[PDB]
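Taking it in order: structure first as structure tokens, then the write-up.
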Amino acid sequence: XXXXXXXXXXXXXXXXXXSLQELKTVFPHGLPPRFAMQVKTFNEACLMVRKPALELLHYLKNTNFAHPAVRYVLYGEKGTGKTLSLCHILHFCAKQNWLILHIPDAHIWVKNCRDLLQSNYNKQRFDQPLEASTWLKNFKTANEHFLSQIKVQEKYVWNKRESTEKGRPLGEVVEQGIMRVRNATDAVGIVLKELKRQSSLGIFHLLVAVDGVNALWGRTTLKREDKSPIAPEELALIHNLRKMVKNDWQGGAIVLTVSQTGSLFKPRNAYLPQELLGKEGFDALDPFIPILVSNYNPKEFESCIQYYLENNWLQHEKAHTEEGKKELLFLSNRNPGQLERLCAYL
Amino acid sequence: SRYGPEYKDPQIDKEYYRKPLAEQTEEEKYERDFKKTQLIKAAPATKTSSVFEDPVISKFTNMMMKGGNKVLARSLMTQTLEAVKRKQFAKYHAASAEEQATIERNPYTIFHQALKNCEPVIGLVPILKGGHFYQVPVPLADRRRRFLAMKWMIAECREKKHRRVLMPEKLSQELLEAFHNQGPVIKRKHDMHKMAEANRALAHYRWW
Amino acid sequence: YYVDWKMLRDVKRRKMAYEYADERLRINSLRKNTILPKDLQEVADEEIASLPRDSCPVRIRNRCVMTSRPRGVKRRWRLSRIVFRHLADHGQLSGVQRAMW
Amino acid sequence: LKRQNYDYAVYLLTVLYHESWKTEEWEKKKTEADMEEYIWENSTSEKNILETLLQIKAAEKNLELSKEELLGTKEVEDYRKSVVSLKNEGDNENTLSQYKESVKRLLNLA
RNA sequence: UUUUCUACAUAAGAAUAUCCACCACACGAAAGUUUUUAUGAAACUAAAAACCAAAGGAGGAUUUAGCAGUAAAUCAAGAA
Ligand SMILES: Nc1nc2c(ncn2[C@@H]2O[C@H](COP(=O)(O)OP(=O)(O)O)[C@@H](O)[C@H]2O)c(=O)[nH]1
Ligand SMILES: [Mg+2]
Ligand SMILES: [Mg+2]
Ligand SMILES: [Mg+2]
Ligand SMILES: [Mg+2]
Ligand SMILES: [Mg+2]
Ligand SMILES: [Mg+2]
Ligand SMILES: [Mg+2]
Ligand SMILES: [Mg+2]
């Protein structure tokens, strides 16, 4: 299959390749694990353009940046390829040189936190230095050119013995958040609210991607030593990224994704937004564009199999008759993640 | 055994039935088969006519199962075929064109070549004579030795890996090292053959 | 004549447990209540404690009716397994058959 | 007696019917979370719509601002029917089709 | 480690015996000690939390049981 750069309409079901340094600069953050192994194995970075990423990228070609922030939502079945249709947009709008703020799994902040720190600066809010520092260290390699460019306007107090005052580039505030991990989260939230204040300018086109948005409004697994559960509001991190989807600001576009796999207390088979997000989630999410992401059809399927034949990744001798195609089609119901899992051991 | 002796086994192979017309004694044979009113067994759920099943893979899978989990074993086998496959990719893309002609990226033929090579030729049985147990060299039938190889592989990789080391990784390692004969499995095979030789005289103790 | 002295004392335990039953229920009504004072409960305590302990429910023992066997009693027929089996095997017990499945 | 269970059951019937028509003080105290429906009135989606149209009016350099004008229009109506059919009817394809169409009209994208 | 946790039902996230001064944790407390609660006239019983986290690192001679929906593993029900 033939392609050049991200945007083409008649190139649906074709293989787009990128460099390794594109992979390192554009996604310093998480890339879906199975796709990361795909890349490390074939040594070529290849994706296939889908109709949902076409529809969404043609809604991000026409954006009017004077208009308030518009919210998009990517929904569908487990392993139907809706986390990567976020990656298409991410690297196309990183190639247009935007500010890419990317959180791979929101639930990671909601679930399984080793260290829960108590903060009364924010009025009874808890922070996760670990996640804050990892996310910041990825945000540093994400966009370098704009971190020397932004000028921070506030007076900021890290410690009784340390302060940074206005006129500072944001590379400095981010690396000062990374270096001292104690206050790293307050640095994250500050990076967020000042990103949103400075997005009014024509210097900032802000693409905000938070996968598993249902984690923001969802029920939390983390608990106090009292054994009492904490709400999604009680974290500094969630409380901050909740102001990042609010659509109060201009110059940006918020691309969102609702998840089952990463979720908590949600059943396995509900792929629809309103259930995952609940009353709080859908109600606070405001009018958004509800994009459906489904499994491959016959052309996308025979294209995926073409892709797996070219790399000789199907090592089964009988995978080369129409029998193999019929059986993998009958086995996966042509689901991309399922077809990945099924061509894993073959 | 809810079946009487009356119930003959299912022939699950599609290719035998699809192409009947060129064989006389076989037409006669499956005619005598279904004409006799033979009650025929319900075909097993584990076996499928799928072009992707290998009964060798099937039995190594089964032998790896613990408790009632077919799922956990099917998964560990998936991950082992996966580790072997991708690791062979990692050895292929770091190499030179000659070795890009040589290297095997098929985990299936690497598996069959890992068990065909690990299979001990003779094996010992204890015999009681004059109050002593002597280990005597015994010629073995194919299936027993198949079992021998598989069992040795499973036993070793269950046993000798460190606690952080996953099963499919370790089994990929030993599969690949058994392909080239240099893993501890063929060492057990070779100790089997050395002990088979030291005592070979006693083979006159064998009455069968 | 009841078949034993055992069945004698236990029968007297059934009569008695029927007699002071109302007293039991009404005293233990207050005694088991949280809202009421602890002070009415100490006095209610001395009260059910004062009752003859032969009139309390749990001092009663289920025995086989005819053979008096204290244990191995089938609740529905009030009959010891020896006697149950004996009766059912002669077919004198209705509906009871030998189980095959 | 069963006559008594019959008379007290039909009693429960009459009683529930007579006290179903009595509106009292605390029923005007009704929480909006208590609702069996999603009423488009006084909603959160309503204030999200009015803020999004406030910023559409502020970005377009249209100085026209009213609650009557913004809400009286056809598109906030398409949103009425869309989000009430989304909350009450639940999750469905034709319903998120109503959502995609009404918000397509509200945010101006075709 | 075919393990342990939480989600959960069968694609997930984290933990993982030695780093070292951990503010100890990986498994493994069914045992203890505290407080409750079930029943009962009477807690010596039973159940649930919190704490505590010990022996144990697949075990000598020698042996039990199983030929298919069996063994093994997981779950519930009833009898008193
Ligand atoms: N060829 C191709 N594969 C994809 C695409 N998107 C996703 N996949 C595959 O599907 C797998 C998982 O899908 P994911 O986006 O994580 O869906 P989710 O699990 O429901 O969130 C990845 O490992 C990819 O290999 C695509 O656009 N093209
Ligand atoms: Mg996902
Ligand atoms: Mg008793
Ligand atoms: Mg996992
Ligand atoms: Mg204990
Ligand atoms: Mg411990
Ligand atoms: Mg120890
Ligand atoms: Mg013996
Ligand atoms: Mg059993």
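Residues in the structure tokens are named by chain (A, B, ... in the order shown) and by number from 1 within that chain; ligands are numbered from 1 in the order shown.
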Which of chain C end up as strand (DSSP E) when DSSP is run on this backbone - answer as an mmCIF file with N, CA, C and O atoms, in the first residue's frame?
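Wrote it out as states21.cif, contents follow:
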data_model
loop_
_atom_site.group_PDB
_atom_site.id
_atom_site.type_symbol
_atom_site.label_atom_id
_atom_site.label_comp_id
_atom_site.auth_asym_id
_atom_site.auth_seq_id
_atom_site.Cartn_x
_atom_site.Cartn_y
_atom_site.Cartn_z
ATOM 1 N N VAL C 73 -31.567 -38.176 64.674
ATOM 2 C CA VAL C 73 -33.006 -38.043 64.573
ATOM 3 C C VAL C 73 -33.375 -37.253 63.312
ATOM 4 O O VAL C 73 -32.810 -36.190 63.055
ATOM 5 N N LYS C 74 -34.312 -37.779 62.523
ATOM 6 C CA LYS C 74 -34.758 -37.090 61.314
ATOM 7 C C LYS C 74 -35.926 -36.167 61.651
ATOM 8 O O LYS C 74 -37.025 -36.624 61.964
ATOM 9 N N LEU C 79 -37.950 -39.520 64.074
ATOM 10 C CA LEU C 79 -37.626 -40.928 64.223
ATOM 11 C C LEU C 79 -36.142 -41.213 64.023
ATOM 12 O O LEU C 79 -35.525 -40.706 63.084
ATOM 13 N N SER C 80 -35.577 -42.026 64.916
ATOM 14 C CA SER C 80 -34.183 -42.451 64.816
ATOM 15 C C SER C 80 -33.963 -43.289 63.568
ATOM 16 O O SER C 80 -34.876 -43.966 63.091
#
- Test item: residues at most 9 Å from stretch 129-135 of chain B, only C-alpha atoms (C1' of nucleotides), excluding those fewer than 5 positions along its chain, as an NGL selection string: :B and (124 or 195-196 or 199 or 202-203 or 205)
Serialized selection, C-alpha atoms, as an mmCIF file, in the first residue's frame:
data_model
loop_
_atom_site.group_PDB
_atom_site.id
_atom_site.type_symbol
_atom_site.label_atom_id
_atom_site.label_comp_id
_atom_site.auth_asym_id
_atom_site.auth_seq_id
_atom_site.Cartn_x
_atom_site.Cartn_y
_atom_site.Cartn_z
ATOM 1 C CA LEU B 124 16.401 -48.115 30.637
ATOM 2 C CA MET B 195 24.041 -44.964 31.044
ATOM 3 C CA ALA B 196 22.579 -46.967 28.148
ATOM 4 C CA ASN B 199 25.493 -51.374 31.099
ATOM 5 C CA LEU B 202 23.065 -56.602 30.821
ATOM 6 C CA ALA B 203 20.930 -56.348 27.668
ATOM 7 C CA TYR B 205 18.957 -59.828 30.898
#
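If one restricts the calculation to only C-alpha atoms (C1' of nucleotides) and all ligand atoms, the set of residues situated within 12 Å of ligand 9 consists of residues 67 and 68 of chain B; 65, 66, 69, 70, 71, 72, 73 and 74 of chain E.
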Would you write out those residues with N, CA and C atoms (P, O5', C5', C4', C3', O3' and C1' of nucleotides), as a PDB file, in the first residue's frame?
ATOM      1  N   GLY B  67      -4.325 -28.284  37.085  1.00  0.00           N
ATOM      2  CA  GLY B  67      -5.696 -28.166  37.534  1.00  0.00           C
ATOM      3  C   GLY B  67      -6.622 -28.290  36.346  1.00  0.00           C
ATOM      4  N   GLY B  68      -7.636 -27.439  36.317  1.00  0.00           N
ATOM      5  CA  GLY B  68      -8.591 -27.455  35.232  1.00  0.00           C
ATOM      6  C   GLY B  68      -8.394 -26.344  34.220  1.00  0.00           C
TER       7      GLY B  68
ATOM      8  P     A E  65      -5.502 -46.987  48.196  1.00  0.00           P
ATOM      9  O5'   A E  65      -6.075 -45.974  47.116  1.00  0.00           O
ATOM     10  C5'   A E  65      -6.966 -44.937  47.496  1.00  0.00           C
ATOM     11  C4'   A E  65      -7.170 -43.972  46.362  1.00  0.00           C
ATOM     12  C3'   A E  65      -7.242 -44.601  44.981  1.00  0.00           C
ATOM     13  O3'   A E  65      -8.522 -45.122  44.671  1.00  0.00           O
ATOM     14  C1'   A E  65      -5.776 -42.755  44.932  1.00  0.00           C
ATOM     15  P     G E  66      -8.671 -46.259  43.550  1.00  0.00           P
ATOM     16  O5'   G E  66      -8.701 -45.456  42.182  1.00  0.00           O
ATOM     17  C5'   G E  66      -9.700 -44.485  41.941  1.00  0.00           C
ATOM     18  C4'   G E  66      -9.250 -43.523  40.878  1.00  0.00           C
ATOM     19  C3'   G E  66      -9.022 -44.136  39.516  1.00  0.00           C
ATOM     20  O3'   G E  66     -10.223 -44.273  38.796  1.00  0.00           O
ATOM     21  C1'   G E  66      -7.196 -42.738  40.071  1.00  0.00           C
ATOM     22  P     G E  69     -17.109 -41.239  30.538  1.00  0.00           P
ATOM     23  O5'   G E  69     -17.630 -40.524  31.865  1.00  0.00           O
ATOM     24  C5'   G E  69     -17.888 -39.122  31.894  1.00  0.00           C
ATOM     25  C4'   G E  69     -16.757 -38.356  32.541  1.00  0.00           C
ATOM     26  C3'   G E  69     -17.163 -37.416  33.677  1.00  0.00           C
ATOM     27  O3'   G E  69     -16.088 -37.335  34.617  1.00  0.00           O
ATOM     28  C1'   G E  69     -16.139 -36.168  31.969  1.00  0.00           C
ATOM     29  P     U E  70     -16.334 -36.800  36.115  1.00  0.00           P
ATOM     30  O5'   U E  70     -15.425 -37.755  37.005  1.00  0.00           O
ATOM     31  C5'   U E  70     -15.534 -39.163  36.889  1.00  0.00           C
ATOM     32  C4'   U E  70     -14.206 -39.830  37.110  1.00  0.00           C
ATOM     33  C3'   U E  70     -13.205 -39.030  37.921  1.00  0.00           C
ATOM     34  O3'   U E  70     -13.427 -39.186  39.310  1.00  0.00           O
ATOM     35  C1'   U E  70     -12.150 -39.991  36.015  1.00  0.00           C
ATOM     36  P     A E  71     -12.976 -38.055  40.353  1.00  0.00           P
ATOM     37  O5'   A E  71     -11.413 -37.902  40.114  1.00  0.00           O
ATOM     38  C5'   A E  71     -10.508 -38.826  40.698  1.00  0.00           C
ATOM     39  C4'   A E  71      -9.092 -38.587  40.240  1.00  0.00           C
ATOM     40  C3'   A E  71      -8.466 -37.267  40.663  1.00  0.00           C
ATOM     41  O3'   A E  71      -7.962 -37.298  41.992  1.00  0.00           O
ATOM     42  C1'   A E  71      -8.061 -37.647  38.356  1.00  0.00           C
ATOM     43  P     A E  72      -8.450 -36.231  43.096  1.00  0.00           P
ATOM     44  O5'   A E  72      -7.780 -34.860  42.627  1.00  0.00           O
ATOM     45  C5'   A E  72      -6.369 -34.753  42.471  1.00  0.00           C
ATOM     46  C4'   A E  72      -5.983 -33.619  41.550  1.00  0.00           C
ATOM     47  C3'   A E  72      -6.579 -32.261  41.889  1.00  0.00           C
ATOM     48  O3'   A E  72      -5.844 -31.572  42.892  1.00  0.00           O
ATOM     49  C1'   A E  72      -6.917 -32.709  39.597  1.00  0.00           C
ATOM     50  P     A E  73      -6.596 -30.908  44.152  1.00  0.00           P
ATOM     51  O5'   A E  73      -7.139 -29.519  43.589  1.00  0.00           O
ATOM     52  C5'   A E  73      -6.238 -28.510  43.154  1.00  0.00           C
ATOM     53  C4'   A E  73      -6.842 -27.610  42.095  1.00  0.00           C
ATOM     54  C3'   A E  73      -8.075 -26.810  42.492  1.00  0.00           C
ATOM     55  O3'   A E  73      -7.774 -25.671  43.288  1.00  0.00           O
ATOM     56  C1'   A E  73      -8.417 -27.768  40.357  1.00  0.00           C
ATOM     57  P     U E  74      -8.687 -25.296  44.559  1.00  0.00           P
ATOM     58  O5'   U E  74      -9.914 -24.497  43.918  1.00  0.00           O
ATOM     59  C5'   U E  74      -9.696 -23.335  43.126  1.00  0.00           C
ATOM     60  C4'   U E  74     -10.919 -22.937  42.329  1.00  0.00           C
ATOM     61  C3'   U E  74     -12.223 -22.782  43.099  1.00  0.00           C
ATOM     62  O3'   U E  74     -12.331 -21.590  43.867  1.00  0.00           O
ATOM     63  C1'   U E  74     -12.640 -24.047  41.175  1.00  0.00           C
TER      64        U E  74
END
- Residues of chain A near chain B: apply a cut-off of 7 Å, count only C-alpha atoms, and supply the list as a PyMOL selection string. chain A and resi 41+315+318+344-345
With N, CA and C atoms retained, export the selected residues as a short mmCIF file (atom, residue, chain, number, x, y, z; two decimals), in the first residue's frame.
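What landed in result-v1.cif:
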data_model
loop_
_atom_site.label_atom_id
_atom_site.label_comp_id
_atom_site.auth_asym_id
_atom_site.auth_seq_id
_atom_site.Cartn_x
_atom_site.Cartn_y
_atom_site.Cartn_z
N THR A 41 9.64 -5.33 16.75
CA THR A 41 9.83 -6.56 15.98
C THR A 41 10.12 -6.33 14.49
N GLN A 315 3.95 -17.26 9.80
CA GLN A 315 4.92 -18.29 9.49
C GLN A 315 4.25 -19.65 9.30
N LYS A 318 0.16 -22.92 5.89
CA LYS A 318 -1.21 -22.96 5.38
C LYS A 318 -1.93 -21.62 5.52
N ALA A 344 -0.22 -13.51 16.51
CA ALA A 344 0.91 -13.61 17.44
C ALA A 344 1.57 -15.00 17.43
N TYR A 345 0.78 -16.05 17.64
CA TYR A 345 1.32 -17.41 17.78
C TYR A 345 1.36 -18.21 16.47
#
- Query: Would you name the residues within 12 Å of ligand 2, counting only C-alpha atoms (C1' of nucleotides) and all ligand atoms, and put them as a VMD selection string?
  - Reply: (chain A and resid 30 to 35 74 to 87 103 to 108 210 to 214 256 to 263 271 337) or (chain E and resid 11 to 12)
- What is the distance, in Å and to one decimal place, between atom CA of residue C:23 and atom CA of residue C:10?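 Separating atom CA of residue C:23 from atom CA of residue C:10 is a distance of 20.1 Å.
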- Item | Residues within 10 Å of residue C:68, only C-alpha atoms (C1' of nucleotides), excluding chain neighbours under 3 positions, as a ChimeraX atom specification | /C:2-7,62-65,71,73,78-80
- Item | Contacts with ligand 3 at most 8 Å, only C-alpha atoms (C1' of nucleotides) and all ligand atoms counted, listed as a PyMOL selection string | chain C and resi 58-62
Write out, as a PDB file, in the first residue's frame, the residues just selected, with N, CA and C atoms.
ATOM      1  N   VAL C  58     -33.765 -23.607  74.954  1.00  0.00           N
ATOM      2  CA  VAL C  58     -32.634 -24.388  74.452  1.00  0.00           C
ATOM      3  C   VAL C  58     -32.262 -25.585  75.337  1.00  0.00           C
ATOM      4  N   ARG C  59     -32.890 -25.693  76.503  1.00  0.00           N
ATOM      5  CA  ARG C  59     -32.656 -26.837  77.377  1.00  0.00           C
ATOM      6  C   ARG C  59     -33.416 -28.059  76.854  1.00  0.00           C
ATOM      7  N   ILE C  60     -34.266 -27.835  75.856  1.00  0.00           N
ATOM      8  CA  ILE C  60     -35.056 -28.899  75.244  1.00  0.00           C
ATOM      9  C   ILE C  60     -34.250 -29.691  74.213  1.00  0.00           C
ATOM     10  N   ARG C  61     -34.369 -31.015  74.282  1.00  0.00           N
ATOM     11  CA  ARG C  61     -33.613 -31.915  73.421  1.00  0.00           C
ATOM     12  C   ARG C  61     -34.536 -32.742  72.523  1.00  0.00           C
ATOM     13  N   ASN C  62     -34.318 -32.678  71.209  1.00  0.00           N
ATOM     14  CA  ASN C  62     -35.074 -33.502  70.268  1.00  0.00           C
ATOM     15  C   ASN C  62     -34.649 -34.959  70.333  1.00  0.00           C
TER      16      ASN C  62
END
- Task: Identify every residue of chain B that has at least one atom within 7 Å of any atom of chain E, counting only C-alpha atoms (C1' of nucleotides), and report the result as a VMD selection string.
- Result: chain B and resid 1 66 to 68 72 163 to 164 166
- Exercise answer, 12 Å around ligand 6 with only C-alpha atoms (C1' of nucleotides) and all ligand atoms, as a ChimeraX atom specification: /E:17,24-29,52-54
- May I have the residues within 9 Å of stretch 103-106 of chain D as a PyMOL selection string, using only C-alpha atoms (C1' of nucleotides) and disregarding those fewer than 5 positions away in the same chain? (chain A and resi 287-289) or (chain D and resi 49+52-53+75-76+78-79+98)
- Identify every residue of chain A that has at least one atom within 8 Å of any atom of chain D, counting only C-alpha atoms, and report the result as a ChimeraX atom specification. /A:59,62,66-68,70,272-275,283-284,286-290
